[PDB]
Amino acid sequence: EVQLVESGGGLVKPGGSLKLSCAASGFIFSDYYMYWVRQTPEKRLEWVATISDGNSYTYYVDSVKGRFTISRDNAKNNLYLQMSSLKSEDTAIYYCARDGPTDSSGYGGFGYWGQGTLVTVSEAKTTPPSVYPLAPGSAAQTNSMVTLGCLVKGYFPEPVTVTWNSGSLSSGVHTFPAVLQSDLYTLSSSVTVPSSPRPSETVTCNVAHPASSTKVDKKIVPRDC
């Protein structure tokens, strides 16, 4: 199966520079053109760059000409995007892509996309989250169901990952999109279980914030006095 895995996304100050990788596998890398496409915070989709196969032919979107450089390494099955003189507008998820399979291809479509990597261009300091377990107070005894939560507070930049019992709990979860406030993000997540599971079985919030190397588990224990 075709896979495209981006990496290298991060916080960078205006005017700074940064280099994205995309590790391609499951096909003959060198038989295909490769693209970068980005999605801005407002969700607009934008093609950024193309590199042909055979002899390097490169193409760029105007706003990026002279600042970005797309390259490829067929020995190592990798695609790259050297960025420099970075502007707050370059803030986006960067996806590496290629044309589709032999029937669905040849017509200018983006047939496979990676999972993307986030580039934030800002003056604000990197900051780890603070993770707080949210357990019911006083009553909220049982609708048959109890709701627990995780508050992930005060971090920058995005993203974080949130998980319950290392993903054994996906049913009944709501992880809310982060909101930016004073150059700091906050995010919460809820989980609803039967009154059987909790507190008798265990319920854990798993959070990771790689930009600050934070990786944390908060167990949800009932409230003490």
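Residue numbers run from 1 along the displayed sequence.
- In this entry, the higher average B-factor at the C-alpha atoms falls on 199-207, of the pair 199-207 and 10-18.
- Higher mean CA temperature factor, per the PDB entry, when comparing 136-144 with 85-93: 136-144.
- For the set 39, 50, 175, 181, the PDB entry assigns the largest Cα B-factor to 181.
- The PDB entry gives the largest Cα B-factor of the residues 120, 117, 130, 102 to 102.
- When the CA B factors of the chain's modelled residues are split into thirds, the value for residue 76 lands in the highest one.
- Residue 168: CA B factor lies in the highest third for its chain, per the PDB record.
- Ranked by Cα temperature factor within the chain, residue 193 sits in the highest third according to the deposited record.
- Among the modelled residues of the chain, residue 156 sits in the lowest third by CA temperature factor in this PDB entry.
- The deposited CA B-factor of residue 63 belongs to the middle third of values across its chain.
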